[PDB]
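Heads up, the chain below is alone and in the form solved without the partner chain; it's given as structure tokens.
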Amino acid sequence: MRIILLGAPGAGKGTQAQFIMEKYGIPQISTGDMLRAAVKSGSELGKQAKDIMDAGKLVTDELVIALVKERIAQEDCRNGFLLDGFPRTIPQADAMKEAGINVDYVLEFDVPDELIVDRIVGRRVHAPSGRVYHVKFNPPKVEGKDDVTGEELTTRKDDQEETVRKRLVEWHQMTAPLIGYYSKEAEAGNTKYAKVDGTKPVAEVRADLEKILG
């Protein structure tokens, strides 16, 4: 199975990706996680993203397209994959199409703009896995600790309010058109498209997604 997670910053894509990955046995491909990992390791493919992410801007298409091509070429992706935060622009989506990458589902995560800042300012992450928590809305079992490894959680450099507001502008201008892009693809029979209410509790969004994915 091949799935695209689509949605504004903090809509809950990464959170729900964890369950989808476990349930259907396909790897999570998060361009955000991959770019951040590249910056941390000083990897030649992706380290350039550092200043761009700080500014709250989108990384260039050709850079993220290359990262995705390399990643989904790995053997853990021969049986399907979960694209999380990719594609983020029309050229990224067309690049998939040109590459002949079919998808089964496009899942839109809907949240009001007014919830996004308070979500991301309370976000804590386990960088090695990509697991995500929230100090108020979805805390770990033990404070500041990853539930699975027990390792110390961290705060993303780009998760301050001002940076979030800039990512939100970027999403409305560059990414929002992908709703129509894939809705049109769905009408042509090339994929299914579904929208979920991401304001519900984590467990319920999970249930709604399971109902869609069967």
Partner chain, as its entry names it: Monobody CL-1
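Numbering follows the first chain given and starts at 1.
Engineer: Look up the CA B-factors in the entry and say which stretch, 67 to 75 or 90 to 98, has the higher mean.
Structural biologist: Averaging CA B-factors over each stretch, the winner is 67 to 75.
Engineer: Between 54 to 62 and 38 to 46, which has the higher average C-alpha B-factor in the PDB entry?
Structural biologist: Result: 38 to 46.
Engineer: Would you mind checking which of 175, 163, 31, 28 has the top Cα temperature factor in the PDB entry?
Structural biologist: Reading the PDB entry, the winner on C-alpha B-factor is 28.
Engineer: Maximum C-alpha temperature factor per the entry, among 13, 23, 206, 200, belongs to which one?
Structural biologist: The C-alpha B-factor peaks, among 13, 23, 206, 200, at 23.
Engineer: Could you say whether, by C-alpha temperature factor, residue 154 belongs to the lowest, middle or highest third of its chain?
Structural biologist: Highest third.
Engineer: Residue 139: which third of its chain by C-alpha temperature factor?
Structural biologist: Highest third, going by the recorded CA B-factors of the chain.
Engineer: Taking the values exactly as deposited, rank residue 85 by C-alpha B-factor within its chain and report the matching third: lowest, middle or highest.
Structural biologist: Middle third - that is where residue 85 ends up once the chain's C-alpha B-factors are sorted.
The same protein has a further form, the form solved in complex with the partner chain, not shown here; the description that follows concerns it.
Engineer: Is there a non-hydrogen atom of residue 197 within 4.5 angstroms of a non-hydrogen atom of the partner chain in the entry with it bound?
Structural biologist: Yes, residue 197 lies within 4.5 Å of the partner chain in the entry with it bound.
Engineer: May I ask you to check whether residue 147 falls inside a 4.5 Å heavy atom distance of the partner chain in the entry with it bound?
Structural biologist: Contact check for residue 147: no, nothing within 4.5 Å of the partner chain in the entry with it bound.
Engineer: I'd like to check something about residue 187: if you look in the entry with it bound, is any of its heavy atoms closer than or equal to 4.5 Å to a heavy atom of the partner chain?
Structural biologist: Yes, contact at 4.5 Å.
Engineer: State yes or no: in the entry with it bound, is some non-hydrogen atom of residue 191 no more than 4.5 angstroms from a non-hydrogen atom of the partner chain?
Structural biologist: Answer yes; at least one heavy atom of residue 191 falls within 4.5 Å of the partner chain in the entry with it bound.
Engineer: Please tell me which of 94, 118, 143, 110 lies within 4.5 Å of the partner chain in the entry with it bound, judged by heavy atoms.
Structural biologist: Of the listed residues, the single hit is 110.
Engineer: Quick one: name the residues from 60 to 84 with any non-hydrogen atom within 4.5 angstroms of the partner chain in the entry with it bound.
Structural biologist: Heavy-atom contacts to the partner chain in the entry with it bound: nothing from 60 to 84.
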